[PDB]
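Presented as structure tokens, the chain that follows is alone, the form deposited in one PDB entry.
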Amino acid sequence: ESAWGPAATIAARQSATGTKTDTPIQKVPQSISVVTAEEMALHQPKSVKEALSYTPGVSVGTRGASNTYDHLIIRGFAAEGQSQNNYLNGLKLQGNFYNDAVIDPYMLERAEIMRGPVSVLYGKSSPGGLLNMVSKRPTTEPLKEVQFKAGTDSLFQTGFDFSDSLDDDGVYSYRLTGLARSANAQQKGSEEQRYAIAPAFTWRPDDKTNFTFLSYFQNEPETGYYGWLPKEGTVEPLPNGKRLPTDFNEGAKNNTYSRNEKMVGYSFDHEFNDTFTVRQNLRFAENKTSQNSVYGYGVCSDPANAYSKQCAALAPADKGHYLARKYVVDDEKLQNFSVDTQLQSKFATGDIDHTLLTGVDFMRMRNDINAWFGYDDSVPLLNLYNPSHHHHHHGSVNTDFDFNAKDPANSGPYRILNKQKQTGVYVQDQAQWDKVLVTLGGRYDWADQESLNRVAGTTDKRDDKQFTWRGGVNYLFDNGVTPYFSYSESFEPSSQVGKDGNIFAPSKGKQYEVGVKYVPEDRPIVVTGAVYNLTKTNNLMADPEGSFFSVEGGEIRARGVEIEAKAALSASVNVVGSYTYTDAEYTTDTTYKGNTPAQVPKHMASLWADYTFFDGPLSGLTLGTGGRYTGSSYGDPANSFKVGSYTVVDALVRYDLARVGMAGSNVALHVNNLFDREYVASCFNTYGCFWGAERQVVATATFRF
């Protein structure tokens, strides 16, 4: 089983995104989860976000039903500025502002999640958090697949996945994966549209050389809902004791949101001899996104709208059932070039087998932003009373808004040019002294940035030089158990400027982790467990003397326990489950402190199992079901209020189409939120809450020719 290819069973024993070298999970000093393509082919996830609903240490409701971005919170932390922190084939998909890219899960072979500091091999990064997806590569045997989806809210999807060789030797092979998806968003008025295709070409001149061309082109006319809803009407009852239905939409009838993505690159490797292997991963991308968006701020009585006139012009008791709103017109375009070159030296030193990795990583990202942001009273208010029982028979779109002619009073232009560059040199060794595998290594990064404000004519720049290393040990037993512990570090530059008109210094990550991994060589089952102590130092916090500007020195701690399990308990039984304990807390902070950051539940857990029949008349029938538990979380930094826990159930019914001459093909039915439970996924503040996803039914027919 290769770290860059299929896994056979839902259990992947190999992963290269933790050490940059194909290594069995048990031999990796860090918490690494691997969602197989098979698993994704089980719930037909809408996004890579979803494909992670069962993996521990990851929240996936930081936006509820919305799918605009695969923005994740890992171990209580996320990248600064609501930015993603997602990697594709070992090279980061560096985005900026509203320009973050997403890859459709159908084009993936596997989605992996690295928990904890990751700079020792990838450079600047949020603490305890990294996602790396592996593009599908040409297959060893021919593959001709056609897929058809049909579901709730007018879900219609058609896609293909073909892979064959040009020559009988396989020196030349290709793979073309594409799809077209259209659907109505949960919220009335909003649509979801996606067209994508991934051309891939592999050239193996011999059994020691592999150059694989990887491209992805995707166009999304409409990405759907991305607004905020007040805790008043969702988490908490509105004055009239009623609530906004889960399909409510407080955006302009003419709200639009699109994104365009284009990337070309390659993954290369060559084995020179018995001790040296070289591998280079390169990708270049140009992505765009534009939008006309009216989003909700909170209700007119929300501290946020204190300085709002339209609000102050309402009877003191009515300020609590009227919704304040703002808007934003955006248009961005960025280019991202990335290349990682690495030499793998394999040699010994008397019983000490070494696996030395030495390489340099480079990336440059440029993102030009030209947008307009409406401030207070920038857009009409909305009454929240009408949303009663007759809605709940629901939706009811609203009215257009003049995104054009931006009043210089209520709105202002925002035009910035962000540049980013990072160069890293890392050295790592994987020395195994029989049953005693010791991993250790470090990296030095040159993190340079520069931002131009096309209006203030300002140009902020900062060049960070940072070092990070990681050390760990794995006692590879033989019965399978692989106890381990490791120390890791990460660093994350700031783009914010202090009162002294200067970019702040980077924040850092320090994690202490110990755990045990069970990867028994016989049965196809993997069971990991770990407890950790992660620390983010020099976080930004409110200036002690309140000055609009922020001050550094802040600190946050996140300690918890994570256990996950995936297995093939039978030729017909599969199971996946995990539990997560997350204790995140502001160690040092001006305003908050002792408070837990919003959107990070203390408890999370999931369990899923499927059975398949080969027996009687029910031969070729798979039935599966599972549940995901999200504990309560805080809906704001002040911890003013709380978002209640919830549990959602998923079900699956699959039927092998062999009994009609079509072996390998099948028809399936997937249900998400079986009991159509209504829940607020989370809130990042009193005015920003997100309804969870309502029950969704999808019918899939996937044929293999």
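Rigid core here is just the name for the largest C-alpha set that superposes within 1.5 Å across the two forms. Numbering starts at 1 and runs along the sequence shown.
This protein has a second form, the form deposited in another entry, left out of what is shown; the following refers to that one.
Residue 25 is not among the residues whose C-alpha shifts by 2 Å or more between this form and the one not shown once the rigid core is aligned; its shift stays under 2 Å.
Positional change of residue 14 between this form and the one not shown stays under 2 Å at the C-alpha, relative to the superposed core. Here's the thing about residue 681 and residue 10: their CA atoms end up at least 3 Å farther apart in the other form than they are in this form.
Compared with the form shown, the residue 521-residue 10 C-alpha separation decreases in the other form, the change being 3 Å or greater.
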